[PDB]
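**Student:** Take a look at this one; I'll ask things after.
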2 protein chains.
Amino acid sequence: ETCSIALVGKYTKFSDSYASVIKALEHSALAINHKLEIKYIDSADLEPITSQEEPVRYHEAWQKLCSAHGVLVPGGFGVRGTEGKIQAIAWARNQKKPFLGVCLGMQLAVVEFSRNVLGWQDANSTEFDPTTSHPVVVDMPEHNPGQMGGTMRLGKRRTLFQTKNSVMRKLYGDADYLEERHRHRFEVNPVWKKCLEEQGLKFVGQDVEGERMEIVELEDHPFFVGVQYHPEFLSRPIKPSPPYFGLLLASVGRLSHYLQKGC
Amino acid sequence: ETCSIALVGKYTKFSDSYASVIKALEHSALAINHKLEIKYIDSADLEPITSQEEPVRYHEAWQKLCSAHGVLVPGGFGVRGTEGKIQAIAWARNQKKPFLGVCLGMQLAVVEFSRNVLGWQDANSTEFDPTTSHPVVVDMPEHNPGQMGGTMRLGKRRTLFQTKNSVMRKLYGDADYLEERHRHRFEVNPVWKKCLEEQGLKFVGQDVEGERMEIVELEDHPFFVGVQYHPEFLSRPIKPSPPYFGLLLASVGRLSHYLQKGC
């Protein structure tokens, strides 16, 4: 069968911007031996602005979104489509659709959670709103010596698991730590993390310092995870990265059997 | 070209419930020599209940609605889909899409107008809500002698034009009056008609007594009319009835030329 995934984003207008991302998905598709459809949904088309402009595209986008087996909100740049992106996120969370967010997507997912769970509707990313009542996403650059100002976190870095009870950890193979590609500047405000700890939004991965959050796994959800690091760079046809493979498995509704079968 | 019309309704689930209605449309299609698509949109699919249930159908319905060239909200029975029906009406009014309402459709259109123009959001039909703050649609049956209780208005009755400046009148041929099929029980509450007279919702057709309203033409709209009477019964291939022909013409964006050309 053809499993379809809703690529939701900005730069998502078809381009090869996602060539290695789709290729990573292909690695998983080959492993599982299924077919793969990449839907290209401009997140903007998910917004009521579009409804006002061309509601054909508006409803078409959402129709496609629902028809997708899983959804992917990758990182991206620009305030554009943030609303549609978050709407898609909330949609997937409510509908218990396999959700993978990467970087920005993870960041927005946390904001979405705060807004529609903690009620902090004014929660926001300082990346786009400096006047945020609950600065969820905050600029946390690295300040290495010899550098003027901060710098984006980039490179192969080590991420530590905060717990054994982690689906991703299991997918990785019960590793105490993992090393992944990094490319990202904004991080979780710990001021609110602590307000998310009693919540079912659990943060699983952290940098070595134990400060920056890299993995989040929403509890009580078939598949709703977010990562900051970029695994598509390391995924290979032989060794596919697990967040895409796992997403695929969830998109299929195989994942539980998979793990049960023996991972 | 194929001109499509959005049949919005209950009983709209495909059936031949609308065989003479579509046939009337066919009469117009033949006159104009164009092709005709009948979309069958369950008005229920236009409601947020459906969004909650199956948003695929929800967005699909609205996608189809937008893709339609004109819309038809005919009469019908039952409270079911009233919301989606009204939503479609407001949509068409806002989007300036050719709108023809018949009986219930006309009735709901008036309510919609009151709600979203007069702000009388609790305006309603007493047919379904006896506790209505602004009883727009009220039960006004005929009370003929020998009858116990009232009766539905039914039969070929004469309708009088209230004005010369009427698009429909022009389509009819400047007739002082018209005789049409009737089948309907609820009427416009005159208590609010008088509040609609300073409005751009103009009532053009009336029964002989000058009490029951039969034709309404929304001003400043390419085509937004409602009738109580049922012209599809009298439409013939040779002499197609004009509200369907005119609707077609509007759906095409020919109507102004048509009248200009000489009607």
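Letters for chains follow the order of the structure tokens (A, B, ...), residue numbers begin at 1 for each chain, and ligand numbers begin at 1 in the order shown.
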For chain B, work out the contacting residues on chain A at 6 Å, counting only C-alpha atoms, and write them as a list in words.
**Tutor:**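 Here they are: residues 56, 59, 63 and 66 of chain A.
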**Student:** Using only C-alpha atoms, which residues sit within 6 Å of segment 137-147 of chain B once same-chain residues fewer than 4 positions away are excluded, as a PyMOL selection string?
**Tutor:** chain B and resi 125-126+151-152+185-189
**Student:** For the residues in that selection, give me N, CA and C atoms as a CSV table (one decimal), in the first residue's frame.
**Tutor:**
chain,number,residue,atom,x,y,z
B,125,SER,N,-36.4,30.1,12.9
B,125,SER,CA,-37.6,29.6,12.3
B,125,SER,C,-38.3,28.9,13.5
B,126,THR,N,-39.6,29.3,13.6
B,126,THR,CA,-40.5,28.7,14.6
B,126,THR,C,-40.8,27.3,14.3
B,151,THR,N,-54.2,24.8,6.8
B,151,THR,CA,-53.8,23.9,5.8
B,151,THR,C,-52.6,24.5,5.1
B,152,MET,N,-51.7,23.7,4.4
B,152,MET,CA,-50.6,24.1,3.7
B,152,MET,C,-51.1,24.8,2.5
B,185,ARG,N,-46.1,26.2,4.0
B,185,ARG,CA,-46.9,26.6,5.2
B,185,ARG,C,-46.3,27.7,6.0
B,186,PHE,N,-45.0,27.9,6.1
B,186,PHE,CA,-44.5,29.0,6.9
B,186,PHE,C,-44.2,30.2,6.1
B,187,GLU,N,-44.3,31.4,6.7
B,187,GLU,CA,-44.2,32.6,5.9
B,187,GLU,C,-43.3,33.6,6.7
B,188,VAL,N,-43.1,34.8,6.1
B,188,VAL,CA,-42.3,35.8,6.7
B,188,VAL,C,-43.1,36.4,7.7
B,189,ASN,N,-42.5,36.6,8.9
B,189,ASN,CA,-43.1,37.4,10.0
B,189,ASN,C,-43.1,38.8,9.6
**Student:** Just the alpha helix (DSSP H) stuff from segment 196-256 of chain A, please, per backbone DSSP, written as a list in words.
**Tutor:**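 Alpha helix (DSSP H) members of segment 196-256 of chain A, listed: residues 196, 242, 243, 244, 245, 246, 247, 248, 249, 250, 251, 252, 255 and 256 of chain A.
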**Student:** Residues near residue 221 of chain A, anyone? I mean within 12 Å using only C-alpha atoms, not counting same-chain ones fewer than 5 positions away, as a PyMOL selection string.
**Tutor:** chain A and resi 92-100+167+200-202+250
**Student:** In Å, with one decimal, what is the gap from atom CA of residue 237 of chain B to atom CA of residue 161 of chain B?
**Tutor:**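 We find that atom CA of residue 237 of chain B and atom CA of residue 161 of chain B lie 25.1 Å from each other.
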**Student:** Could you list, as a PyMOL selection string, every residue within 10 Å of residue 31 of chain A, counting only C-alpha atoms and ignoring same-chain residues fewer than 4 positions away?
**Tutor:** chain A and resi 25-27+237-240+245
**Student:** Export N, CA and C atoms of the chosen residues as a PDB file, in the first residue's frame?
**Tutor:**
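Generated file (again_19.pdb):
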ATOM      1  N   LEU A  25      12.842   8.928   4.364  1.00  0.00           N
ATOM      2  CA  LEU A  25      11.579   8.242   4.399  1.00  0.00           C
ATOM      3  C   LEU A  25      11.634   7.055   3.484  1.00  0.00           C
ATOM      4  N   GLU A  26      12.358   7.193   2.357  1.00  0.00           N
ATOM      5  CA  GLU A  26      12.461   6.123   1.407  1.00  0.00           C
ATOM      6  C   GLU A  26      13.204   4.993   2.020  1.00  0.00           C
ATOM      7  N   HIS A  27      14.198   5.307   2.860  1.00  0.00           N
ATOM      8  CA  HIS A  27      14.925   4.261   3.509  1.00  0.00           C
ATOM      9  C   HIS A  27      13.971   3.433   4.302  1.00  0.00           C
ATOM     10  N   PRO A 237      20.126   3.793   3.791  1.00  0.00           N
ATOM     11  CA  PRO A 237      19.307   2.719   3.296  1.00  0.00           C
ATOM     12  C   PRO A 237      19.478   1.490   4.121  1.00  0.00           C
ATOM     13  N   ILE A 238      20.710   1.223   4.588  1.00  0.00           N
ATOM     14  CA  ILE A 238      20.919   0.043   5.365  1.00  0.00           C
ATOM     15  C   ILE A 238      20.445   0.273   6.778  1.00  0.00           C
ATOM     16  N   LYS A 239      20.793   1.436   7.376  1.00  0.00           N
ATOM     17  CA  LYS A 239      20.450   1.756   8.735  1.00  0.00           C
ATOM     18  C   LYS A 239      19.579   2.975   8.703  1.00  0.00           C
ATOM     19  N   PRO A 240      18.303   2.808   8.502  1.00  0.00           N
ATOM     20  CA  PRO A 240      17.441   3.962   8.543  1.00  0.00           C
ATOM     21  C   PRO A 240      17.283   4.534   9.916  1.00  0.00           C
ATOM     22  N   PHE A 245      11.403   5.846  10.569  1.00  0.00           N
ATOM     23  CA  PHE A 245      10.980   4.480  10.459  1.00  0.00           C
ATOM     24  C   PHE A 245       9.840   4.272  11.408  1.00  0.00           C
TER      25      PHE A 245
END
**Student:** Please compute the atom CA of residue 196 of chain B-atom CA of residue 136 of chain B distance, one decimal, in Å.
**Tutor:**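 Interatomic distance, atom CA of residue 196 of chain B to atom CA of residue 136 of chain B: 10.6 Å.
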**Student:** Skipping near chain neighbours, those fewer than 4 positions away, what residues fall within 8 Å of segment 179-183 of chain B using only C-alpha atoms, listed as a PyMOL selection string?
**Tutor:** chain B and resi 152-159+228-231+233-234
**Student:** Neighbours of segment 163-165 of chain A within 10 Å (only C-alpha atoms; same-chain residues fewer than 5 positions away dropped), as a VMD selection string?
**Tutor:** chain A and resid 170 174 to 176 202 to 205
**Student:** Now that the selection is made, can you save its residues with N, CA, C and O atoms as a PDB file, in the first residue's frame?
**Tutor:**
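Result went into out.pdb, see below:
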ATOM      1  N   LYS A 170      14.050   2.873  22.722  1.00  0.00           N
ATOM      2  CA  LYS A 170      13.847   1.501  22.347  1.00  0.00           C
ATOM      3  C   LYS A 170      14.149   1.330  20.885  1.00  0.00           C
ATOM      4  O   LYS A 170      14.758   0.336  20.490  1.00  0.00           O
ATOM      5  N   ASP A 174      18.017   0.799  23.091  1.00  0.00           N
ATOM      6  CA  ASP A 174      18.340   0.944  24.480  1.00  0.00           C
ATOM      7  C   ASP A 174      19.668   1.602  24.684  1.00  0.00           C
ATOM      8  O   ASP A 174      20.424   1.198  25.569  1.00  0.00           O
ATOM      9  N   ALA A 175      20.001   2.628  23.881  1.00  0.00           N
ATOM     10  CA  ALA A 175      21.305   3.214  24.019  1.00  0.00           C
ATOM     11  C   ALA A 175      21.213   4.215  25.134  1.00  0.00           C
ATOM     12  O   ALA A 175      20.170   4.844  25.319  1.00  0.00           O
ATOM     13  N   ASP A 176      22.296   4.380  25.921  1.00  0.00           N
ATOM     14  CA  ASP A 176      22.330   5.376  26.957  1.00  0.00           C
ATOM     15  C   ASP A 176      22.404   6.739  26.344  1.00  0.00           C
ATOM     16  O   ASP A 176      21.913   7.711  26.920  1.00  0.00           O
ATOM     17  N   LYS A 202       6.533  14.751  27.890  1.00  0.00           N
ATOM     18  CA  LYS A 202       7.721  14.413  28.612  1.00  0.00           C
ATOM     19  C   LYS A 202       8.923  14.673  27.771  1.00  0.00           C
ATOM     20  O   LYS A 202       8.939  14.387  26.578  1.00  0.00           O
ATOM     21  N   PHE A 203       9.971  15.266  28.395  1.00  0.00           N
ATOM     22  CA  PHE A 203      11.164  15.553  27.658  1.00  0.00           C
ATOM     23  C   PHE A 203      12.105  14.431  27.945  1.00  0.00           C
ATOM     24  O   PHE A 203      12.416  14.135  29.096  1.00  0.00           O
ATOM     25  N   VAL A 204      12.553  13.765  26.869  1.00  0.00           N
ATOM     26  CA  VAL A 204      13.367  12.593  26.928  1.00  0.00           C
ATOM     27  C   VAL A 204      14.808  12.855  26.618  1.00  0.00           C
ATOM     28  O   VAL A 204      15.679  12.223  27.214  1.00  0.00           O
ATOM     29  N   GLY A 205      15.113  13.758  25.662  1.00  0.00           N
ATOM     30  CA  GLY A 205      16.496  13.915  25.292  1.00  0.00           C
ATOM     31  C   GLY A 205      17.003  15.260  25.706  1.00  0.00           C
ATOM     32  O   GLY A 205      16.292  16.263  25.654  1.00  0.00           O
TER      33      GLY A 205
END
